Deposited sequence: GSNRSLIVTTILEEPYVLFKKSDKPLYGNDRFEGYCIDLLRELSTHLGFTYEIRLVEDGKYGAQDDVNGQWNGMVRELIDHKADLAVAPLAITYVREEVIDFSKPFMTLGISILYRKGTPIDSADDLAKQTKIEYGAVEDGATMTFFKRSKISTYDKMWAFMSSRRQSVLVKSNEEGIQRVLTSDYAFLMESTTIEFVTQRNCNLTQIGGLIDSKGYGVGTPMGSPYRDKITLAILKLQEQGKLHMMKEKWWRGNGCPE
């Protein structure tokens, strides 16, 4: 029998979660969510077995500007510590330079999560002021977008986030949501995750539209033969609408 593939992932509702149960669960049986359903479809169509492992450092992945090293799921793939990353992992220029991605299984963009009842309507409006703090997940794609942007509004926002980083950069989306709920703080968040959150907490809203456009893809080490195979499997699922059905299943609930 062929070696089981090691699949790195990260906890992020409704993509990847621990199942609720009173008895202890083991192995792959611990996990559920959209990305777990996707993994299951990939494994049956491509004919592999797998072991799910949560990324050890708890990060998506960014490059350190001083020493040039990556972290997170991206680094696990670079180092061949995982065969695949099946997660809400954004396909980005800087990541595509060092790892391979399948074509996207979902498309999205950065937007803003905030409390209802405000005249703030856009990133421009946030950038012009400092009473309302704002931030993003540390060492993820949203942070990196702001750090690399040459657009004046976003450059200004990065200077603020960077100055205040110990307070405004958070370690998970969950922590960002709690900051929105417990302080005067707006969270720069991926739009598909905002959709999930605002359907379940009717005090919160999206502010403005999408700031960029990107996709989530399955990550592989650079050169992996699984990359193109997984692209084909994803495209075949899209011929029959099975990914939008999986999205409906995990985003169903609202406000």
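K.L.:
Need the unmodelled segments of the deposited chain, numbered from 1, in order.
P.N.:
Unmodelled stretches: 1, 255, 258 to 259.
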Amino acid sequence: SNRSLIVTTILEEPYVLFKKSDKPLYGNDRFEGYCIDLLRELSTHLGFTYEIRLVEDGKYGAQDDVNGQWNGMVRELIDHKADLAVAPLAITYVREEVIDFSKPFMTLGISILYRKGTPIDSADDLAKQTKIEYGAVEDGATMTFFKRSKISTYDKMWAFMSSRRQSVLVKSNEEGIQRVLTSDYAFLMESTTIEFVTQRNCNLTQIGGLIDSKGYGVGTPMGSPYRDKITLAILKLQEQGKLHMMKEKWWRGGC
From here on, numbers count along this sequence of modelled residues.
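K.L.:
Would you determine, from the values in the PDB entry, which of 61 to 69 and 196 to 204 has the greater average C-alpha temperature factor?
P.N.:
Going by the record's values, the stretch with the higher mean is 61 to 69.
K.L.:
Please work out which of 186 to 194 and 39 to 47 has the higher mean CA B-factor as recorded in the PDB entry.
P.N.:
Comparing 186 to 194 with 39 to 47, the higher mean C-alpha B-factor belongs to 39 to 47.
K.L.:
Specify which of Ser111, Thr107, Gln166, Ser102 carries the largest Cα B factor in the deposited PDB entry.
P.N.:
The C-alpha B-factor peaks, among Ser111, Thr107, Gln166, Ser102, at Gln166.
K.L.:
If I read the C-alpha B-factors straight from the PDB entry, which of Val94, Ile78, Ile151, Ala90 is highest?
P.N.:
Out of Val94, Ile78, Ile151, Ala90, the record gives the largest C-alpha B-factor to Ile151.
K.L.:
Pull the Cα B-factor of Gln129 out of the PDB entry and bin it into the chain's lowest, middle or highest third.
P.N.:
Its C-alpha B-factor belongs to the highest third of this chain's values.
K.L.:
Relative to the other modelled residues of the same chain, rank the CA B-factor of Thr142 and answer lowest, middle or highest third.
P.N.:
Ranked within chain, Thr142 CA B lands in the lowest tercile.
K.L.:
Can you work out whether the C-alpha temperature factor of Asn28 puts it in the lowest, middle or highest third of the chain?
P.N.:
Ranked within chain, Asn28 CA B lands in the highest tercile.
K.L.:
Can you tell me whether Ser4 has a C-alpha B-factor in the lowest, middle or highest third compared with the other modelled residues of the same chain?
P.N.:
Middle third - that is where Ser4 ends up once the chain's C-alpha B-factors are sorted.
K.L.:
What third of the chain, by the recorded C-alpha B-factor, contains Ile10?
P.N.:
Lowest third - that is where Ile10 ends up once the chain's C-alpha B-factors are sorted.
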